[PDB]
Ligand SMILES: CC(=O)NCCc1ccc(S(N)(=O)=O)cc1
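Just one chain follows, in the form solved without the named molecule, and it is written as structure tokens.
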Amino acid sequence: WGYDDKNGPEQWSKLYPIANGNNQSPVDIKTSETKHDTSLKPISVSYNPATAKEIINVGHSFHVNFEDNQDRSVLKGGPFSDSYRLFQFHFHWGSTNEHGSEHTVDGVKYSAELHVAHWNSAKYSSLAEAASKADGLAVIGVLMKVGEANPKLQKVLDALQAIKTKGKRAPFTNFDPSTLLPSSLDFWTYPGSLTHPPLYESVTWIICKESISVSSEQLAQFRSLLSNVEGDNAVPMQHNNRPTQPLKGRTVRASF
């Protein structure tokens, strides 16, 4: 599967019928229809920089993975009653610098999107197992607005020089992803899914109200990564964002 048109979002259902599921992500957040839940608690992230482990080119994107054998780095609060263990952060972007986020707000597509994913360590034993359960995953989505360069992205950008092609991995340590999050962590939340195959509807989304910046040349760097394996002709990672899916009667709750 991919993002091109032969194997892209509009073709995924042919292989993953859940693509047409009732809790698909991303979604358009219509700020006027959001429900303020007074039961929501502020989200509390507590990550240990020593759990940062590797950066890897997965072809369609790059992942920054973390050690997930303990509760050193967790997400708590929000709509949760238990702790979610951090396992990874990655991004989404588009072919253009101004339209590449997954989630949209009031129909407005942002330049890129940051996803911080965690799995339900309390109810399940492994990411593998939790990945398909309704309460399995918790993902923080942060909208990125093209503008001023974001200096907090530099270690990630620098690391990309070592994983130019698919399957390349490089150690990526001592990084606390909470440094990528906005100032305020007011959020929107809804039950949804993974935004690409397997498309499991196992995610509890936390979309930060506040966006963060990125510059044009910072995004050009992501698109400079290669989807091919070393040695083959160059095939740029031009985009990896999935179009918004019907809400299908879900409610987006707000922290405020």
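One rule holds for the numbers: they count along the sequence shown, beginning at 1.
The same protein has a further form, the form deposited with the named molecule bound, not shown here; the description that follows concerns it.
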When the site C-alphas are superposed and the named molecule is set in place as seen in the bound PDB entry, is this chain open or blocked (3 or more ligand atoms within 2.4 angstroms of backbone or C-beta)? open
Considering non-hydrogen atoms and a 4.5 Å limit, does the named molecule approach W188 in the bound PDB entry? no
So, in the bound PDB entry, is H90 in contact with the named molecule at a 4.5 angstroms heavy atom limit? yes
Determine whether any heavy atom of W205 comes within 4.5 Å of a heavy atom of the named molecule in the bound PDB entry, and answer yes or no. yes
Give a yes or no for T195: in the bound PDB entry, does one of its heavy atoms lie within 4.5 Å of a heavy atom belonging to the named molecule? yes
With the partner removed from view, which of 195 to 203, 218 to 226, 44 to 52, 27 to 35 is the stretch that lies within 4.5 Å of the named molecule in the bound PDB entry, judged by heavy atom distances? 195 to 203
Tell me, out of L153, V139, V142, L75, which residue has a non-hydrogen atom within 4.5 angstroms of the named molecule in the bound PDB entry. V139
